[PDB]
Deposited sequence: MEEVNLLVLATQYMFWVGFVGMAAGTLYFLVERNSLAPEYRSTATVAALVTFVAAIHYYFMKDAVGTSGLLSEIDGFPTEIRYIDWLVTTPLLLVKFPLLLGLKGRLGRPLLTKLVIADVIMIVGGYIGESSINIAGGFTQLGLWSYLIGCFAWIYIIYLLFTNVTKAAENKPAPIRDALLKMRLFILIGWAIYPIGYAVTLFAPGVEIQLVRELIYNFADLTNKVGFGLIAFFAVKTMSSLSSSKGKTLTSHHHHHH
C-alpha cells in the first residue's frame, strides 16, 4: 500500500533542491554587487548551496517514485555525509573569512574538529544501519563527534567572538549572529542521530530527513545570507 509520508518526503526533497538551487543563484547574481574584496564571501556561500542542491537532487532516487516504504533504497547516508564533509568546512571558513597568517590558525582548528565530527558521525551511522539498531561503536563515534562539535562552538564563542570586536560593526554583528547557527541550528543533526541510535524504523528516518531538510535550508541559505548582507552593507 502506497504511503502518504513517503510521497510527502519525495516532495520535501524537491523543496530542498529548489531552495538550494535558488540560494545558489541568488549568491551568484549578487556577487558583483560586492566590492572585489568581499566577492569570495558570496562564492563560498553559493558553492555550499550548490553542493546541497546536488545532494537533494539525488535523494529523488533513494525514495523513488513508487510511494512504497519497502521501495526505499539507494545510499542516502553516503549522499548526505559527502555533502556534510564538503559543506561544513566551507561554512566554517566564513568566520575567518570575515575576520581576514592571522586567521589561518583559527581556520585550521575549526576544520580538523569538523572533520572529526563528520567522519565520526559517518562511522557511527554506518554501523547503526548495518546492524539495524544500537551498536556501541554507534554510541562512541557519536560522543567523539559531539566533543569535536563542542570544541568548534568553544572557538566561536571565544576566539572568534574576541576578534569580532576589532572588526567594523556590521561585520562584528554578523559574526556574532553566525555563531548561533553553529550552536542552535547545528544542534538539530546530533539530536536526529540520537533518535536514530535509540529508535529504529524507516518512518522515523523519513521524519529526521524532513527536519534535516529545514535545518539545511537554515544553516546554508540563512547562514549564507547573514554574512552576505554584512559584506554588502560594508560595501559602501
* To do: Extract from the deposited sequence all ranges with no corresponding C-alpha coordinates, numbering residues from 1.
  => 1-2, 103-105, 242-258
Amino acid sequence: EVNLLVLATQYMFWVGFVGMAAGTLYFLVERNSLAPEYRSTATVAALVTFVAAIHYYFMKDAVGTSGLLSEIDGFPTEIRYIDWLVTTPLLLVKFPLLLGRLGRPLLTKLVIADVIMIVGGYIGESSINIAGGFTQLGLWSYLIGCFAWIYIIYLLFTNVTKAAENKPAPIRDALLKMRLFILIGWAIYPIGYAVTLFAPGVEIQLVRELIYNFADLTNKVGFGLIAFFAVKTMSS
From here on, numbers count along this sequence of modelled residues.
* To do: Can you let me know which of the two, 117-125 or 153-161, has the higher average C-alpha B-factor in the entry?
  => 153-161
* Structure fact -> Comparing mean C-alpha B factor in the record for 60-68 and 204-212, the higher one is 60-68
* Residue selected from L91, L139, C146, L102 by maximal Cα B factor -> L102
* Residue of maximum C-alpha B factor among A169, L180, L47, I191, per deposited coordinates -> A169
* **Ranked against its chain, the third holding the CA B-factor of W84** => lowest
* **Position of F17 among the chain's modelled residues by C-alpha B-factor, lowest, middle or highest third** => lowest
* Looking at the C-alpha B-factor of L197, is it in the lowest, middle or highest third of its chain? -> middle
* **CA B-factor ranking of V51, expressed as a third of its chain** => lowest
* To do: Classify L97 as lowest, middle or highest third according to the C-alpha B-factor given in the PDB entry, relative to its own chain.
  => highest
